[PDB]
Amino acid sequence: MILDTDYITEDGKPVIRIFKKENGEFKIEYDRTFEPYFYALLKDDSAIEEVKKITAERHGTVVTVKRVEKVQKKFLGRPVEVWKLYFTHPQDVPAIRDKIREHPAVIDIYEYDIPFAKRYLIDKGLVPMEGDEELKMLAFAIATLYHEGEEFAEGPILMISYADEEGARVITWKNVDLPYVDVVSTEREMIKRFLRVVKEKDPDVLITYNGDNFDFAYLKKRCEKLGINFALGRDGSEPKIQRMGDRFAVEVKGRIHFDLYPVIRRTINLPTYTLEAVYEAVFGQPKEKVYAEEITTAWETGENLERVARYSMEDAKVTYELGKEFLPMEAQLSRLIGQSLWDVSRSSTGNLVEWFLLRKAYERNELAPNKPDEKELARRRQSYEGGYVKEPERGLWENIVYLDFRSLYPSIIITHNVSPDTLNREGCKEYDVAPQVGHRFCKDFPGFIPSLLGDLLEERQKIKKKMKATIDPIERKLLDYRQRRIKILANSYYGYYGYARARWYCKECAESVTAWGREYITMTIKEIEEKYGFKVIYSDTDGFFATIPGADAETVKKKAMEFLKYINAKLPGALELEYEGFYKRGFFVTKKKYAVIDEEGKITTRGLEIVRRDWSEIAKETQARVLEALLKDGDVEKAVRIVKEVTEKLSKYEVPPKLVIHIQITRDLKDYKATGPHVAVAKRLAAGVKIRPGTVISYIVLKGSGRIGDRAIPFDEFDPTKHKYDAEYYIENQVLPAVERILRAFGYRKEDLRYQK
DNA sequence: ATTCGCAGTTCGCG
DNA sequence: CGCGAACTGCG
Ligand SMILES: Nc1ncnc2c1ncn2[C@@H]1OC[C@H](OP(=O)(O)OP(=O)(O)OP(=O)(O)O)[C@H]1O
Ligand SMILES: [Mg+2]
């Protein structure tokens, strides 16, 4: 099982390093034979010798062209012969590719911007994480002595806990008597103790939670203080850090640093991403949280250190369980894209498509295009129209059915052969003309990209069928996450057409897939109203909510199933309309804001203020309560009593202050053109932190009139006595708007609700 | 740093 | 105050 790939330089030569474990043994393979290259299209084959003389220099040493080869490639399905220019070192290309393209005898060059490590996997035909090997893995987490100081790693690490299959152990240098706690002399003795354990446990996957930005960054800066060689890797190297765009990540060579934080962010969407809520949302079991202020206060006095070692023991055991459930999900995802697990688990969806097509373009012998310069990327500022959101029928309806298309946008690409190489190809015999935009796509041959999208949806349906055949609630819950990732990955190919930095950028292909679907969802809605006589309530892009105004649930289900028989046969190719779910009652506020319930006791909310992160907890709590009462048995008279019991309770001072709103800071400190209630909290207290993009600023609005921007004052600087809370504003700006937008369909102009006296 | 459609707060500002 | 620009997060 190829774990990862790498390359180093020995005396000006490249040495590919293949990290793999096979038959239960770790092994490194070195390949000094592989050679970098990039293709060049020439006007004539007589001017190749005058091109074989181009010379540059990287660091004061001459750059030449090693070997030259003549191959036949296919540019967007068009045959072409380009010259393959081999070089001695991968870094020779960026020093000479710009001098070669400026040559008057060349037309253009391709495949000059690609990592030499990923090039070895694209060529040769190697897929990481491919095999039946059982990977030995352990998770670890650390506890720090954190005062409210300034420097990052000024406080020492107190206890490094780790957990594998044998259990969770803690290593501290303080007097703690527990079965799983290892006591050492000083902080230096436990860091070298952790190295002794990592080398002894022999793991291939190092699991951490936010270890990219904290743990490895903390242990490193702490070893700078103690002068310790943090040789974690199989190669014997210290954990290397690579900056990804803005943030950074840490890799351990010879192993796989599995940071669960970037993976779980995309896998499941939750209000908070603390390890307590993640373990609760995945395993249904509560986990306690002790804070650094509680840890520091407990370590200074030397008392209550049993909980700190108990909490740290939980962090290692919880991280290992999570890292064990999500590893097969990222292992297969690494097999699809064909790159290292460390890259795939933390890279964007746009790069996963980039790595996948480059591997396929080498199989199809397709010469991949290039990324745009400033000129071409400026042309791609064009926008297109896509998505038909129907104005919903405001009010409460019953016995509603949600019939949504199954992978609408990818199926349109597969069925209509939507591809840049099929777009307006003059000469073919069969065309598929797109609505409104008028683009036509050749169908004589399977175009590049639709042929790849077919097998991706087959890998998702296999996971969908495993869910039905699985009785384990947690094991089937992970499969729901896997089939959901393939859905997001498939639609990324459609958005990849609209991506300005995409190699296979085709706005026409993107605008056509949006032209379709808009035609399909409007066609499908009219077939339900004119025939069968459904009352379509609201549609977004893939489906709609339809019902019969008076028929019971039995008639609506049967008639909807017959409608599925009378649409799928009419829809061509991969286009299919499926029965996703029936619902007892459902409220539709406005566009993309609605609530719905199953026949079984549960509530599903989409777009409403409950899911919004930047709202007061009382606004989400009350809105969920008035929704829970409405969908259970109507009883709006009882729901109105709920909207008044909190406003009257808001007259007196609130419960221990919820009413915390959360808005992170985008842009950069002062790059704003307008300051709201937050940002003003960032403008103040800035002389503070770096105020880097992505910092949540939670404030509390108090005092009285005017601002807003001048009435907050966050949460860390709050006092219920000297700083009189408002107990208002939230009755007009938080709670009441998120509620009136619901009850207004019943005839309440907010004249009711309050007042006293 | 896949695409676009979407409701909404906030408020400087003639 | 009504309207628009900026800003936030969700689908
Ligand atoms: N991030 C996205 N960007 C653009 N279009 C998207 C995105 N996610 C989805 N879409 C597209 O817009 C809607 C549609 O995603 P559905 O919620 O309707 O779910 P499925 O149909 O894919 O999969 P199912 O049958 O429910 O199992 C998808 O085509
Ligand atoms: Mg969805």
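We place every Cβ from the backbone using ideal geometry, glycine too, and count neighbours over all the protein chains shown. What is reported rests on the model, the rules as stated and the sources as named; these are not laboratory values.
Details
Table: residues versus (1) in a loop (DSSP other than H, G, I, E, B); (2) surrounded by 19 or more Cβ atoms within 10 Å (Cβ to Cβ).
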position: A:573; (1), (2): yes, no
position: A:580; (1), (2): no, no
position: A:583; (1), (2): no, yes
position: A:586; (1), (2): no, yes
position: A:594; (1), (2): no, yes
position: A:601; (1), (2): yes, no
position: A:611; (1), (2): yes, no
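- Single condition residue A:608 does not satisfy, out of (1) away from DNA strand B (no atom under 16 Å from the Cβ); (2) under 26 Å from residue A:729 (Cβ atoms): (1)
- Candidates A:421, A:404, filtered to the one that is within 14 Å of ligand 1 (Cβ to nearest atom) and on the phi < 0 side of the Ramachandran plot: A:404
- Count of residues meeting criterion [in a loop (DSSP other than H, G, I, E, B) and within 21 Å of residue A:573 (Cα to Cα)] in the stretch A:477-521: 0
- Positions within the stretch A:272-309 being buried (at least 17 other Cβ atoms within 10 Å of the Cβ) and not hydrophobic (A, V, I, L, M, F, W, C), in sequence order: A:279, A:287, A:296
- Considering residues of the stretch A:381-407 that are touching a strand residue (DSSP E or B) at 6+ places or on another chain (Cβ under 6 Å) and among the charged types (D, E, K, R) only, the residue nearest to residue A:587 (Cα to Cα): A:398
- Those residues of the stretch A:663-701 which are within 13 Å of DNA strand B (Cβ to nearest atom), of a type in the set (A, V, I, L, M, F, W, C) and either touching an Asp or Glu at 6+ places or on another chain (Cβ under 8 Å) or part of a helix (DSSP H, G or I) (or both), in sequence order: A:663, A:680, A:681, A:682, A:701
For (1) away from DNA strand C (no atom under 16 Å from the Cβ); (2) more than 24 Å from residue A:585 (Cβ to Cβ), each residue gets a yes or a no:
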site: A:459; (1), (2): yes, yes
site: A:473; (1), (2): yes, yes
site: A:478; (1), (2): yes, yes
site: A:487; (1), (2): no, yes
site: A:505; (1), (2): yes, yes
site: A:510; (1), (2): no, yes
site: A:526; (1), (2): yes, yes
site: A:541; (1), (2): no, no
site: A:554; (1), (2): yes, no
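- Of the listed requirements (1) assigned by CATH to the domain that holds residue A:492; (2) within 13 Å of ligand 1 (Cβ to nearest atom), residue A:475 misses just one: (2).
- The C-beta contact set for the stretch A:380-395 (first residue within 14 Å of residue A:510 (Cα to Cα), second residue away from DNA strand C (no atom under 13 Å from the Cβ), distance under 7 angstrom, 6+ apart or interchain) comprises A:380/A:372; A:380/A:500; A:380/A:505; A:382/A:507; A:384/A:507; A:384/A:510; A:384/A:511.
- Any hit, the stretch A:300-314, residues being within 30 Å of residue A:6 (Cβ to Cβ), among the β-branched types (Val, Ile, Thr) and away from ligand 1 (no atom under 16 Å from the Cβ): no
- For the stretch A:349-404, filtering for residues that are touching a helix residue (DSSP H, G or I) at 6+ places or on another chain (Cβ under 7 Å) and in a strand (DSSP E or B) leaves 5.
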